[PDB]
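Residue numbers (this note's numbering), protein chains in the order written: chain A, 21 to 147; chain B, 1041 to 1101; chain C, -17 to 179; chain D, 16 to 121; chain E, 107 to 278; chain F, 7 to 54.
Structure first, commentary second.
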Amino acid sequence: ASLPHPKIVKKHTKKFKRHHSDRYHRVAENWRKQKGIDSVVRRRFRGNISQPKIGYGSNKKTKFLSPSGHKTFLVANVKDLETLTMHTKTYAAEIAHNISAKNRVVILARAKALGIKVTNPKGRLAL
Amino acid sequence: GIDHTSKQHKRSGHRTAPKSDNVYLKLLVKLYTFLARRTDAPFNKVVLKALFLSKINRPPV
Amino acid sequence: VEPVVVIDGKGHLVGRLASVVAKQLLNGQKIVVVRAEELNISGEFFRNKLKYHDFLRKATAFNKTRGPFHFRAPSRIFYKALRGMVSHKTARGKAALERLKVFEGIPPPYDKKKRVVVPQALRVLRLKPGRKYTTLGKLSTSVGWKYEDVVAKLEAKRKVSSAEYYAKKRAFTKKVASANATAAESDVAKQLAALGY
Amino acid sequence: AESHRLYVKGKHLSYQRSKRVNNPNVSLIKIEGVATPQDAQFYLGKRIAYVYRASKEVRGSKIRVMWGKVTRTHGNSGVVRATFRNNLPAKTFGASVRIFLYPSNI
Amino acid sequence: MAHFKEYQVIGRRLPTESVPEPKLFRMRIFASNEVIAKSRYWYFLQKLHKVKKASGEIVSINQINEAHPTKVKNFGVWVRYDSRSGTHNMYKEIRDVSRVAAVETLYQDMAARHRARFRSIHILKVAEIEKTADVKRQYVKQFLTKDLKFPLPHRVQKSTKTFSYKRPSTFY
Amino acid sequence: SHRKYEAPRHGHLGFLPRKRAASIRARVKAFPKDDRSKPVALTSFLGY
RNA sequence: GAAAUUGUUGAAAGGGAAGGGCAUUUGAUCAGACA
RNA sequence: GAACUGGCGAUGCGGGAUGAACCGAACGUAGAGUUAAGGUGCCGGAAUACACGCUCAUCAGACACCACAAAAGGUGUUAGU
RNA sequence: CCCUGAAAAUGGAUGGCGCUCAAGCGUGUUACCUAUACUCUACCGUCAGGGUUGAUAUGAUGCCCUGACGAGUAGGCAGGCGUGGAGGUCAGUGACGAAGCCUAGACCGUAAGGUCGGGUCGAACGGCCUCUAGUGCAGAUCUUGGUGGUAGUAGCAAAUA
RNA sequence: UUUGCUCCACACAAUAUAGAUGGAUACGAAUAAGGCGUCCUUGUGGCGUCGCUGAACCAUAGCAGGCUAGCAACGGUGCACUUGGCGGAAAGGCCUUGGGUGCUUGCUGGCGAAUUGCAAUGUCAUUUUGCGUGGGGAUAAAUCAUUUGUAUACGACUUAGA
């Protein structure tokens, strides 16, 4: 509290590192289509990394879905929350990181008066 | 593999909508369409092609 | 098909008996070749000693040590050629090489115990009669294996402290035969050979 | 009696593999005994279970399982193929292997 | 080549308005199939006559059987292998039950002893011998003798398992 | 190249690892072969 | 008050390098789902 | 250094141990099945298969490109004329 | 087919072990193994053709249906991602903790990158439509600053003490 | 230096398993030959016979094998005592007497087994170590520092020392 979709298959679960990253401290893991004329990763030879390509997309049905099967949505304040009202089985909320603690519990609370699931209700809990 | 037989992934190489961004040219095109699909007469197919056209190809009359 | 497996090399063919035991291996079959000094090989004695001759010169220049060690000792040898066929240099390797022991002459924890053969690797069924062959026995000697005569004594022995195991297992099983026809016409024994047995 | 076993004994040989590229999804079976493709035909469909033993107990047991099954004759010998739910683990090349007798047909 | 089948192939030289009824050429062939055959056919005529797969055509293509297969006959056979160098003729003899071994066995023999192939051998003629003696080479004549007998010494037996319990034997 | 002048080595190969023997006492590496008639005796002796 | 780079601590690995890929196993760690 | 084409460079993939170019075949991400070229004693997945022959090499031989060998000789053996 | 003919320099290479009615040579028959190729299905993308204004739910540049294709240096085009500042907007977030920084904690995207849990911290800063640029780095014996392994090592030994 | 250590026990915790899940079931030699039985002049002897694969041979029925009653036998086999022997190639095992005592599926019975809910290895092996209760035993070196010079770059070596 889902819309009986298919199975959520992901394709390539593993992170796409950048060639070298491990070896260097200078070269981030953030991905880099290699342009080297020698490159083993470009000439994909076996036996190295795969490079990211189309290919790997994820079924149009299950795109942008947590596993639950909801798409998450950024909620800065309570107005914000009140576009999801209708679509509880499809969408979800996630309260922004840059909210005070007093304005969280409000949104939290406003959530449930309407059924809506949030994906970070931990947030900044005085516990 | 497939001796391609002919370049694969040929883009039409004719306009499909107007490059212009004149709400107005679009509403016409929109009517015009509807107007080669649901009819047959040909007249329409031809004002459709003509609507998308660029500047140079719509000379003054 | 068992936990262990005691082969008796004798009448073998390094070479072939060779494999089978490496194959096995890689399939979890602890094996334990014995006797060996009585191995065997295609080829007139002379060679092989020629053959041998080399895998001997091949050294390391720059330090005769640290180089390809030329064992002598029938055992070792078999070994080797066994080996060669078991990828060592990995783990699965090794975890292989352990499973396998090897001695020339049947020591104890085996002289007991039974042993077997490997047909598909018996001279006597591979070759054709007339072709000359070897005897790791000599070979080992001849490229220097101090100990062949100390085995060949402990052989004279246990070919007996066996036999006399025998002429005793055999005067037994025989009475069991002259005391096994008194009871069998019995009723139990006719129904039986209807199901078989 | 002393015997209980109402599985066939038998070993995890391999990955399918070409000379230098292997396929963890398929596994190969040495059914102890079975020498031809016939002898193998019997054990298609019959289930398998590499059993083994973790130290830390789960779930109430010390003992774990991966549920084959056998799926086809591999060439001459009644080695056979042998998806498992999870792929066997390689360290297992040479480990013992319970072919069962169910999905029965006798 | 493969396994053979005798074949009768009865070509022509295409009919003309000019020369209707253009004489018909029979050839016993020792091939694998009726595709061979029709092939192995034309190759030989383009050596005696002026024709080819064109100016031709194949009338019939009849498998022939042995009459008495059962019947152990003594096939002399004549053969023109090319070598590496020139070309040579031959007269081998082959004790066998039917043509279609006399040609099979032969080709294996002409392979092993002379390293020729199917490519390079012409099986000139084959001829069931009727009487012994017209038989002339010792490796047949060996077998056409008074109440013949021999052992099969050193019998090796064939096992499946890996291991065994006995240490064999080669009695017979 | 070649030596030029074919002179000999300096030193005998069969005394290598030229090292700090082990002990100050030398093990006798090999005692005499046996007769087995003679009567009993000691083949060696410790001095200084 | 970042990184290089150091120091305790804790976990782990190591027979002439290390690191990386597919795949499982074990050890640690975690998400959701169930109502 | 020219001609015809096909390659490589710009191209991984399986195969030739290994190798730009040779043999297969040209690539989205995955699942089944079939094969190619190569193979199937053991390294290694796959017949220590079947069939007929030749060969013992006190330097055997082992597979296209390819990493060699000739003239000339042999009462060593096998078919032949 | 064997053999002689057949002599080169570290040790050694039918790939290796090894192999002799072969695991050799010649030839024939089947079974078998296995590529990103071929067959079938799923998913992604591009491209081609089509269908859908009846108002009246959410996008007509939308929603559908059918098919075939997918290697790439140099090179061209396209759609995005991110950064500084500018017009507009959400009466947006915020000392009840903004920015930053650390986090083998989570989620989303093929990806560029996004979002969030925890710690640290103390004053400002995000989405969106758009304008604009001194806009994205691993390399230039690049610049400037820092710091290593080298290494507790070289070495600190001329001029009588 | 915290009352440790050693051997046999068992209790509990752990920690592994290159991988028990009835039994590794013992002539020797030759294979153009041998085995097994038997007779004889004891021999490379006569006579019979077997192989032609362990698909054998042994063990094998009882709640993972329960509690119980008899009949037939004087056997089989577990477990622990003990007499005497063999074996050193890594002996670390093998045989044998005399008992103490179970279970006996050799033939005949009678109770119990359920719901582990239609399968889920359905856990009964054997690794090494640690902490205490309890039955016997024993009661040390080495290193530094000092010293020697048959030794020596320094370590090492070689001696000396209640």
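For each residue, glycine too, the CB sits at the ideal point set by N, CA and C.
Quick one: Cα of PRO1082 (chain B) to Cα of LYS1095 (chain B), how far?
In the second sequence, residue 1082 (chain B) corresponds to position 42, counting from 1. In the second sequence, residue 1095 (chain B) corresponds to position 55, counting from 1. Approximately 24 Å between the Cα atoms of the pair.
In chain order, what residues of the same chain lie with their CB nearer than 8 Å to the CB of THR123 (chain C), ignoring the 5 residues before and after it?
Residue 123 (chain C) sits at position 141 when you count from the first residue of the third sequence. Around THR123 (chain C): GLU130.
How many angstroms separate the CA atom of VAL183 (chain E) from the CA atom of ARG205 (chain E)?
Indexing the fifth sequence from 1 puts residue 183 (chain E) at position 77. Indexing the fifth sequence from 1 puts residue 205 (chain E) at position 99. Each residue's alpha carbon lies about 10 Å from the other.
By DSSP, does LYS272 (chain E) sit in helix, in strand, or in coil?
Start at 1 with the first residue of the fifth sequence, and residue 272 (chain E) comes out as number 166. Coil at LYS272 (chain E), not helix or strand.
Please report the straight-line C-alpha distance between residue 126 (chain D) and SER29 (chain D), rounded to a whole angstrom.
Residue 126 (chain D) lies beyond the range of chain D shown here (16 to 121); nothing can be said about it.
Can the beta-carbon of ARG96 (chain D) be found closer than 8 Å to that of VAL41 (chain D)?
Looking up residue 96 (chain D) in the fourth sequence gives position 81. Looking up residue 41 (chain D) in the fourth sequence gives position 26. Contact: yes.
Let's see if you can read the secondary structure: which residues bound the alpha helix (DSSP H) around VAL1063 (chain B)?
Sequence index remark: in the second sequence, residue 1063 (chain B) carries index 23 (1-based). Unbroken run through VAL1063 (chain B): none, as it is neither H nor E.
Is there a Cβ from chain E that is less than 8 Å from the Cβ of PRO(-15) (chain C)?
Along the third sequence, read from residue 1 onward, the residue named residue -15 (chain C) stands at position 3. Taking Cβ atoms only, chain E never reaches closer than 8 Å to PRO(-15) (chain C), which makes this a no.
Reducing DSSP to helix, strand and coil, say where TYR213 (chain E) ends up.
Here residue 213 (chain E) corresponds to residue number 107 of the fifth sequence, with the count starting at 1. Here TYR213 (chain E) sits in helix by DSSP.
Which parts of the stretch 34 to 89 of chain C are runs of the alpha helix (DSSP H), unbroken and 4 residues or longer, counting only runs that do not cross its ends?
56 to 65, 73 to 79
At 8 Å on the CB atoms, spell out the chain E contacts of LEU107 (chain C), in chain order.
For the purposes of this step, residue 107 (chain C) is taken as the residue at position 125 of the third sequence. Neighbours of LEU107 (chain C) on chain E, chain order: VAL262, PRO274, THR276.
Give me the Cα-Cα distance between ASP202 (chain E) and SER33 (chain D), rounded to the nearest whole angstrom.
Working through the fifth sequence from its first residue, we reach residue 202 (chain E) at position 96. Working through the fourth sequence from its first residue, we reach residue 33 (chain D) at position 18. So the alpha carbons of these two residues sit roughly 44 Å apart.
Tell me which residues of the stretch 44 to 74 of chain D have at least one Cβ-Cβ distance to chain C shorter than 8 Å, keeping chain order.
For chain C, the residues of the stretch 44 to 74 of chain D that bring a beta carbon within less than 8 Å of one of its beta carbons are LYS45, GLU47, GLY48, in chain order.
Give a yes or no on whether 8 Å exceeds the smallest Cβ distance from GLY109 (chain D) to chain C.
By one-based count along the fourth sequence, residue 109 (chain D) stands at place 94. Taking Cβ atoms only, chain C reaches closer than 8 Å to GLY109 (chain D), which makes this a yes.
DSSP three-state call for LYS150 (chain C): helix, strand or coil?
The residue labelled residue 150 (chain C) in the question sits at position 168 within the third sequence. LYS150 (chain C): coil per DSSP, three-state reduction.
Going along the chain, which residues of its own chain have a beta-carbon closer than 8 Å to the beta-carbon of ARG48 (chain C), five neighbours each way excluded?
Reading the third sequence from its first residue, position 66 is the one you call residue 48 (chain C). Contacts found: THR42.
In terms of residue numbering, what span does the alpha helix (DSSP H) encompassing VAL14 (chain C) cover?
One-based indexing of the third sequence puts residue 14 (chain C) at position 32. From DSSP, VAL14 (chain C) is part of no alpha helix (DSSP H) but of the beta strand (DSSP E) over 13 to 15.
What whole-angstrom Cβ distance do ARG118 (chain E) and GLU172 (chain E) have, given they're in contact under 8 Å?
Taking the first residue of the fifth sequence as 1, we reach residue 118 (chain E) at position 12. Taking the first residue of the fifth sequence as 1, we reach residue 172 (chain E) at position 66. No, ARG118 (chain E) and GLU172 (chain E) are not in contact; Cβ-Cβ is about 28 Å, not under 8 Å.
Assuming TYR213 (chain E) contacts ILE167 (chain E) (C-beta within less than 8 Å), just tell me the rounded distance between them.
Taking the fifth sequence and counting its residues from 1, one reaches residue 213 (chain E) at position 107. Taking the fifth sequence and counting its residues from 1, one reaches residue 167 (chain E) at position 61. Between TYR213 (chain E) and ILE167 (chain E) the beta-carbon gap is near 22 Å, outside 8 Å, which marks them as no contact.
Who pairs with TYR115 (chain C) in a beta bridge, going by DSSP?
As a working mapping, residue 115 (chain C) is identified with position 133 in the third sequence. Paired residue(s): C:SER24.
Any beta carbon from chain D within less than 8 Å of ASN9 (chain C)'s own beta carbon?
Numbered from its first residue, the third sequence carries residue 9 (chain C) at position 27. For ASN9 (chain C), the answer is yes, since a Cβ of chain D falls inside 8 Å of its Cβ.
Buried or exposed: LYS46 (chain C), going by 16 or more other Cβ atoms within 10 Å of its Cβ?
By one-based count along the third sequence, residue 46 (chain C) stands at place 64. With fewer than 16 Cβ atoms within 10 Å of its Cβ, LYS46 (chain C) is classed as exposed.
Taking the straight line between their C-alpha atoms, what separation do you get for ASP42 (chain A) and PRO72 (chain A)?
As a working note, residue 42 (chain A) is residue 22 in the first sequence. As a working note, residue 72 (chain A) is residue 52 in the first sequence. Looking at the two C-alpha atoms, the distance is approximately 18 Å.
First and last residue of the alpha helix (DSSP H) that includes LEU145 (chain A)?
Taking the first residue of the first sequence as 1, we reach residue 145 (chain A) at position 125. Here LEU145 (chain A) belongs to no alpha helix (DSSP H), and DSSP marks it neither H nor E.
Return no unless some Cβ of chain C is closer than 8 Å to the Cβ of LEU28 (chain D).
On the fourth sequence, position 13 is the one that residue 28 (chain D) refers to. Closer than 8 Å to some Cβ of chain C, the Cβ of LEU28 (chain D) qualifies, so yes.
Check whether the Cβ atoms of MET216 (chain E) and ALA207 (chain E) sit closer than 8 Å, and answer yes or no.
Counting from 1 along the fifth sequence, the entry for residue 216 (chain E) is found at position 110. Counting from 1 along the fifth sequence, the entry for residue 207 (chain E) is found at position 101. Cβ distance not < 8 Å, so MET216 (chain E) and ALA207 (chain E) don't count as in contact.
When the Cα of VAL80 (chain D) is compared with those of D:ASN91, D:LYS71, D:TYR65, D:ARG74, which residue comes out closest?
Looking up residue 80 (chain D) in the fourth sequence gives position 65. Comparing Cα-Cα distances from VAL80 (chain D) to each of D:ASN91, D:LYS71, D:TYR65, D:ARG74, the minimum goes to D:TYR65.
Would you give the residue range spanned by the alpha helix (DSSP H) that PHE1083 (chain B) belongs to?
On the second sequence, position 43 is the one that residue 1083 (chain B) refers to. Counting along the chain, the alpha helix (DSSP H) containing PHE1083 (chain B) begins and ends at 1083 to 1090.
Name, please, each residue of chain D whose Cβ falls closer than 7 Å to the Cβ of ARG74 (chain C).
Residue 74 (chain C) sits at position 92 when you count from the first residue of the third sequence. What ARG74 (chain C) touches in chain D: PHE108.
Among the residues of its own chain, which have a CB less than 6 Å from the CB of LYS77 (chain D), if the five just before and after it don't count?
The residue labelled residue 77 (chain D) in the question sits at position 62 within the fourth sequence. Cβ neighbours of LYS77 (chain D) beyond the five flanking positions: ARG68.
Classify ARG134 (chain E) as helix, strand or coil using the three-state DSSP reduction.
Residue 134 (chain E) sits at position 28 when you count from the first residue of the fifth sequence. In the structure shown, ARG134 (chain E) sits in a strand (DSSP, three-state: E or B).
Would you kindly work out how many angstroms separate the C-alpha atoms of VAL241 (chain E) and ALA138 (chain C), rounded to a whole number?
Sequence index remark: in the fifth sequence, residue 241 (chain E) carries index 135 (1-based). Sequence index remark: in the third sequence, residue 138 (chain C) carries index 156 (1-based). Straight-line Cα distance between these residues: approximately 59 Å.
With a 10 Å radius around its C-beta and 16 neighbouring C-beta atoms as the bar for buried, classify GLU86 (chain C) as buried or exposed.
On the third sequence, position 104 is the one that residue 86 (chain C) refers to. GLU86 (chain C) should be labelled buried.
Since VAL2 (chain C) meets chain E, which of its residues come closer than 8 Å, beta carbon to beta carbon?
As a working mapping, residue 2 (chain C) is identified with position 20 in the third sequence. Those within 8 Å of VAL2 (chain C) in chain E are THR268.
Where DSSP assigns a beta bridge to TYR113 (chain E), which residues make up the other side?
The count along the fifth sequence starts at 1 and reaches residue 113 (chain E) at position 7. In DSSP, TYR113 (chain E) forms a bridge with E:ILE135.
From this set, B:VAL1101, B:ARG1098, B:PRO1099, B:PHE1092, which residue's C-alpha is nearest residue 1012 (chain B)'s C-alpha?
As displayed, chain B neither begins before 1041 nor continues past 1101, which places residue 1012 (chain B) out of reach and without an answer.
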